[PDB]
Amino acid sequence: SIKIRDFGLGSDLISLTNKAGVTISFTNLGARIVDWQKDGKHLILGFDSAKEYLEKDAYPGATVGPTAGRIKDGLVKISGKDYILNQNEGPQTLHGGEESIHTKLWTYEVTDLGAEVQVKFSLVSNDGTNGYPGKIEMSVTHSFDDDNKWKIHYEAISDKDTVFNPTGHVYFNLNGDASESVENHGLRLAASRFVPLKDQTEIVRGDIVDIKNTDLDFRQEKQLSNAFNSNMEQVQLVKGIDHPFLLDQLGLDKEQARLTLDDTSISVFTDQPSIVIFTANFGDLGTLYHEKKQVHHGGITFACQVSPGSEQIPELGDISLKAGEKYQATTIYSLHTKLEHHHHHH
Amino acid sequence: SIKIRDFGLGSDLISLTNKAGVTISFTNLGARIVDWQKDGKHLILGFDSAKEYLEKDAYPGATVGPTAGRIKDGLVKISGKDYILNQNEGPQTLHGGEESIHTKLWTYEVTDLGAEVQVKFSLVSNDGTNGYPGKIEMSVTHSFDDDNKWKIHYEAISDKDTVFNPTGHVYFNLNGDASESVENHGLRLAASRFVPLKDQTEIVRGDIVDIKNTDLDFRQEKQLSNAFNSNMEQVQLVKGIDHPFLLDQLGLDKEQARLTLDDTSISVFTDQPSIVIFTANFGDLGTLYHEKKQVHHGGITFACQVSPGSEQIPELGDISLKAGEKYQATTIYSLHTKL
Ligand SMILES: OC[C@H]1O[C@H](O)[C@H](O)[C@@H](O)[C@H]1O
Ligand SMILES: OC[C@H]1O[C@H](O)[C@H](O)[C@@H](O)[C@H]1O
Ligand code: NI
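Criteria and cut-off values
Residues numbered from 1 in each chain as written, not as in the entry; some residues may be left out. Chains lettered and ligands numbered in written order. Heavy atoms only, no water. UniProt positions renumbered as here; feature names shortened; annotations may be inferred. Helix = DSSP H or I, 4+ residues; strand = E, 2+ residues; numbered from the N terminus. Rg over C-alpha atoms; globule rule 2.2 N^0.38 Å. Buried < 20%, exposed > 50% of the residue type's maximum accessible area, 1.4 Å probe, protein only. Contact = heavy atoms within 4.5 Å. Areas by Shrake-Rupley, 256 points an atom, 1.4 Å probe, with all protein chains shown as cover. Pairing = 2+ DSSP bridges. Near = heavy atom within 4 Å. Polar contact = N/O pair within 3.5 Å; in protein donor to acceptor, adjacent residues only side chain to side chain. Nonpolar A, V, L, I, M, F, W, Y, C, P; charged D, E, K, R; others polar. Donors = N, O, S within 2.8 Å, 3.2 Å for Na, K, Ca; no water. Buried area = accessible area lost by both parts, 1.4 Å probe. Salt bridge = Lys/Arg side-chain N within 4 Å of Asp/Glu carboxyl O. Patch = residues over 30% accessible without salt bridge, like charges linked within 9 Å, V, L, I, M, F, W, Y side chains within 5 Å. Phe/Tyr/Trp six-rings, centres within 6.5 Å; stacked < 30°, edge-to-face > 60°. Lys NZ or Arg CZ within 6 Å of the ring centre and 35° of its normal.

For this deposited structure, the header cites X-ray crystallography as the method used and 1.95 Å as the resolution.

Chain B appears in the PDB entry as GALACTOSE MUTAROTASE from Lactococcus lactis. Here is the UniProt Catalytic activity (unreviewed entry) comment for chain B, exactly as written: "alpha-D-glucose = beta-D-glucose".

The name the PDB entry gives chain A is GALACTOSE MUTAROTASE, with Lactococcus lactis as the organism. Under the UniProt heading Catalytic activity (unreviewed entry), the note attached to chain A is "alpha-D-glucose = beta-D-glucose". One UniProt comment on chain A, placed under Pathway (unreviewed entry), says "Carbohydrate metabolism; hexose metabolism."

A.B. asks: For the overall build of chain A, give the residues involved together with the corresponding values.
C.D. replies: Looking only at helices and strands, one finds three helices and 29 strands in chain A. For 346 residues, the compact-globule estimate of 2.2 N^0.38 gives 20 Å, and the C-alpha radius of gyration of chain A, at 19 Å, lies within 12% of that figure. Each principal axis of the C-alpha distribution contributes one length, and for chain A these read about 55 × 45 × 40 Å. The 346 residues of chain A split such that 60% are buried. Sequence separation of at least 24 residues holds for 65% of the intrachain contacts in chain A that already meet a minimum separation of 6. When the accessible area of chain A is evaluated, it comes to approximately 13,600 Å², of which 45% is carbon and sulfur surface.

A.B. asks: Outline the sheet that holds strand 29 (residues 303-305) of chain B, listing residues and values.
C.D. replies: Residue and element names in this part refer to chain B. One open sheet accounts for five strands, arranged 20-19-22-25-29; its pairing is antiparallel. The outermost strands of the open sheet, each flanked by one partner alone, are strand 20 (209-210) and strand 29. Sheet topology note: the strand 22 (residues 242-247)/strand 25 (residues 274-278) ladder contains five bridges and is antiparallel. By the bridge assignment for strand 25, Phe245 is matched with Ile275.

A.B. asks: Give a detailed account of the site of ligand 2, specifying residues and quantitative values.
C.D. replies: Residues and elements named next belong to chain B. Taken together, the residues surrounding ligand 2 are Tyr59, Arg70, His95, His169, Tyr171, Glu202, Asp242 and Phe278. At a separation of 2.7 Å, an oxygen atom of ligand 2 approaches a polar side-chain atom of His169. In this structure, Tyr171 approaches ligand 2 through a side-chain N or O atom, which is 3.2 Å from an oxygen atom. Expressed as a share of its isolated accessible area of 310 Å², the protein-covered part of ligand 2 is 86%. Tallied by class, the residues present in the shell around ligand 2 amount to three nonpolar, two polar and three charged.

A.B. asks: So what's going on with the coordination of the nickel ion (ligand 3)? Which residues, and what values?
C.D. replies: Octahedral metals with six donors have ideal donor angles of 90 or 180 degrees. Tetrahedral metals with four donors have an ideal donor angle of 109.5 degrees. Coordination sphere of the nickel ion (ligand 3), protein contribution only: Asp12 of chain A (OD) and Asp12 of chain B (OD), at 2.4 Å. Residue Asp12 of chain A is found in strand 2 (residues 11-17), and its partner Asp12 of chain B is found in strand 2 (residues 11-17); the two belong to separate chains. Grouping residues by exposure puts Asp12 of chain A and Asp12 of chain B together as buried.

A.B. asks: Let's hear about the site of ligand 1: which residues, and what values?
C.D. replies: All names here are of chain A. Taken together, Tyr59, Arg70, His95, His169, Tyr171, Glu202, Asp242 and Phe278 make up the full set of residues near ligand 1. Contacts to ligand 1 include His169, whose side-chain N or O atom sits 3.3 Å from an oxygen atom. Against a free-state accessible area of 300 Å², the protein chains account for coverage of 86% of ligand 1. Among the residues forming the shell around ligand 1, the class breakdown is three nonpolar, two polar and three charged.

A.B. asks: Explain unusual backbone geometry residue by residue, including any values.
C.D. replies: Cis geometry marks the peptide bond from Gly65 of chain A to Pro66 of chain A; its omega dihedral reads 0°. Among the structural elements, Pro66 of chain A can be located in the loop between strand 6 (63-64) and strand 7 (70-71). With an omega of 5°, the peptide bond running from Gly65 of chain B to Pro66 of chain B counts as cis. Counting through the fold element by element, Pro66 of chain B comes out in the loop between strand 6 (63-64) and strand 7 (70-71). Of note, the phi angle at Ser79 of chain B is positive, near 45°, even though the residue is not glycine. Overall, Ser79 of chain B belongs to the exposed group, its relative accessible area being 62%.

A.B. asks: Which residues make up the interface of chain B and chain A, and what values go with them?
C.D. replies: The interface of chain B with chain A comprises 23 residues on the first partner and 21 residues on the second. Around 1,900 Å² of area is buried between chain B and chain A when both sides are counted, 47% of it from carbon and sulfur atoms. Put simply, chain B and chain A have three salt bridges between them. With a closest N to O distance of 3.2 Å, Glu98 of chain B and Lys135 of chain A form a salt bridge. Where chain B touches chain A, the interface holds 17 residue pairs in polar contact.

A.B. asks: Describe the sheet that holds strand 2 of chain B, with residues and values.
C.D. replies: Residues and elements named next belong to chain B. Spatial strand order, 1-2-3-4-5: five strands in an open sheet with antiparallel pairing. Taken across any chain shown, the strands that pair with only one partner, and hence form the sheet edges, are strand 1 (2-8) and strand 5 (41-42). The pairing of strand 3 (residues 23-27) with strand 4 (residues 32-38) spans five bridges and is classified as antiparallel. The residue bridging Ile24 from the neighbouring strand is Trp36, located in strand 4.

A.B. asks: An account of the pairing of strand 2 of chain B is needed here, citing residue identities and associated values.
C.D. replies: Residue and element names in this part refer to chain B. Most of strand 2 sits inside the fold, with six of its seven residues counted as buried. Judged from the six bridges that link them, strand 1 and strand 2 form a sheet pairing that is antiparallel. Pairing of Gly8 across the sheet is with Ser11, part of strand 2. Hairpin connection between strand 1 and strand 2: a loop of two residues separates the two successive antiparallel strands, and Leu9 in this loop has a positive phi of roughly 65°. Counted along the chain from strand 2 to the antiparallel partner strand 3, the turn is five residues long, and its residue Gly21 has a positive phi close to 85°.

A.B. asks: Tell me about a nonpolar patch on the surface, and please be specific about residues and values.
C.D. replies: A cluster of nonpolar side chains, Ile2, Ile4 and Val110 of chain A, forms an exposed patch at the surface whose accessible area comes to about 190 Å². Position of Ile2 of chain A among the secondary structure elements: in strand 1 (residues 2-8).

A.B. asks: I'd like a rundown of the environment of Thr162 of chain B, residues and numbers included.
C.D. replies: Residue and element names in this part refer to chain B. You can see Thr162 is positioned in strand 15 (residues 162-163). In this structure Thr162 comes out as buried when scored by relative accessible area, which is 1%. When neighbours within four sequence positions are excluded, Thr162 is seen to be in contact with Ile78, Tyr132, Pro133, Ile136, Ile319, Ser320 and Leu321.

A.B. asks: Describe in detail the packing of aromatic side chains, supporting the description with residues and values.
C.D. replies: All names here are of chain B. Scanning the model with the defined rule gives 28 aromatic pairs over all chains in all. When the centroid spacing of 5.9 Å and the interplanar angle of 40° are considered together, the rings of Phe194 and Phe245 count as tilted. Of this pair, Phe194 sits in strand 19 (residues 191-194) while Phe245 sits in strand 22, and the two are 51 residues apart along the sequence. By relative accessible area, which is 3% here, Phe194 ends up buried. On the accessibility criterion, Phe245 (1% relative accessible area) is buried. Pairing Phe278 with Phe282 gives two aromatic rings, centres 5.5 Å apart and planes at 85°, and the pair type is edge-to-face. On the basis of relative accessibility, which here comes to 13%, the residue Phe278 falls in the buried class. Directly above the ring of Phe218 sits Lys222, whose terminal nitrogen or CZ lies 5.0 Å from the centroid.

Shown next, in the form of structure tokens:
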């Protein structure tokens, strides 16, 4: 079933229920996921109205771009030319600049294919918006099927050579309560390397480092607490995790990451080369989610994209987008029950 | 009463019925008026869904800007520096450039005041959007009251020196049918001069012209047909009217124009210095409104704003907006029914 209703400020809330009873919802404010539940339990973080997003935190579950993450000094080089983008975090351009895409009302169309329902959001980034050459016609399709698969498909075309590397900023919390840390969740991730940050400003350090056999090594499933409790400089620097992890093997076919809690797991699939992992290291900020004060580590993203920092570490990728060339990206989060035995205590 | 409904593509349709039974409706797509009816007749031009607007003509009833009208070569000078805006009509920037604010979904809030209801639409135009320095936070409040007054109030603030001169692009047609010319409407307008156009590109010619005692003098009520059958080269050039008229006396308390058809009449009030009047000179285009094929002259605007063309004719005014200054503007359309 598909259902729609006003969600506040002129946005809508689109709610889908698949044949298995699993429900998921989205809003056109920032082509974002708002909730995902199983048996009355929230699997992710979200608010109950649009205004909350605009007043508390506009990133959760949003589509962010045109470029996700931080661009040192808001400086990019496009086809030999230097361009300065909107600087919204010190001299840095973070997630596309101020008042970016996550803050706009996108138009949308719903397509019912039976076992699969698609929600296609559209938006045009005009040429010059936030310093980005365009115009860029963008679309984000969120779909949910009878197999409990939530897929995100991005498409874009630009009138001018530009840069593009958007991502989906969902936060998971299998506790279903923001006030409970995710240190009790199990994490498996197919990555042997990571990108260290230079300092508190969070720009990339300039090197790529091997994390095998360190506390950041999740190739084999381990509790998140191992990371959180770590005293590695990088962990200490950000008070948790806030880094790009370079996938070892590329392809939409491989299970790149798996987040487990008791009988529930979320599997991550993507065609992107990295997963940006941020554990809501907000300290005592305590943003209220459903009347619950969020705890430090009360959430975790799996933001699949080209790693941030390619401006400095070319080896990471090229996020340039040629005029006329069609961009595409696909990320999938699949939900499973009893995939494995995970019985722990903290 | 107030009613909100899904207007298509994720947009909303907000409809307000006042004590008098009159209905007016807006959509956040473009912070725009969609309809205006009395006794089941439409007073203005509009479509039946969001899609129509996007597919057919996106300007009718919309808020257009940041700058309304045509800008020669898309060139504006800001703080002594030249800036090139998005060009979407040849080398000209028309209505803000392509995919402008009239095509975006704005957020909004409804405020019920009893005798009056207000719908406040907001949108942020990012710095650099279509070439315009910003960011510019804009709000357009459309309101409707029990006195049949439809008011539009604009507000904006920019982080940087920029240009700003939006307008409301509603088209009236008291016939209540797009297939019927507005030539039978009487028009009165308190302007003694106008701004001639250079040629078919419609950029201004460069001069200000006195229209006293010409086919374009509406200082004293007259039927449109007159203007329509004039041989004035300017009328001929455009096949109707498509010009900025300079108002004789500025101020929001003066009725600046009046459109009448039989017992029904519309009055215009504004704090703007000019009114741009365009008579739907679309030839055979035949755009479809409520399944009725539009005829050349099947509509007319009253776009209140600072006259287009100030880039060439400084005396027309100055559309600059300095960083931190608050822009404000108001236009009112009042409905009357004789007895
Ligand atoms: O709240 C927004 C967040 O977006 C990413 O996770 C970023 O790396 C974090 O450092 C933080 O800025
Ligand atoms: O519908 C678009 C119209 O907008 C203005 O009123 C302009 O003067 C007309 O020439 C036409 O471009
Ligand atoms: Ni709606």
